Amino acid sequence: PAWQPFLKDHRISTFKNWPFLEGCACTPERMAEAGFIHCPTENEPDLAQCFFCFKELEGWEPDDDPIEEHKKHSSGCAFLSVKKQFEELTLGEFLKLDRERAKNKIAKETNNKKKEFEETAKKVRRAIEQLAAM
């Protein structure tokens, strides 16, 4: 299925044109180990996203440890507390992780919608503030 993102090897494969290779701390192996997928755009060519909590990080430096960055920016991500390898998870555990991923993807869309609305509400509020002046 597309439970593929739970597989580290699938995650590593996303970093086809990730620029940070051998010599660096945030190599594709390390990024994939930490739960990241490479999601490059034009404004952000090193954009990476956790497959599980959906936190999006960019502006990577060579010395960045992906695990430490993931912890700093998204300290509650359940993926960070998975100590077993994928194949060692029980089905019950896997299913619970997959439910938690879905809850995470609702906190993410909700969050993006809130942000977008507030951008608009500020502009609107500003305009009406001017009218209320008389």
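Residue numbers here begin at 1 and follow the sequence given.
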query	finding
Given 39 to 47 and 80 to 88, the range whose Cα B-factors average higher in the PDB entry	39 to 47
122 to 130 versus 6 to 14 - greater average Cα B-factor per the deposited record	6 to 14
Per the PDB entry, maximal CA B factor within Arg30, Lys103, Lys96, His70	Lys103
CA B-factor ranking of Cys26, expressed as a third of its chain	middle
Third of chain Cα B-factors occupied by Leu57	middle
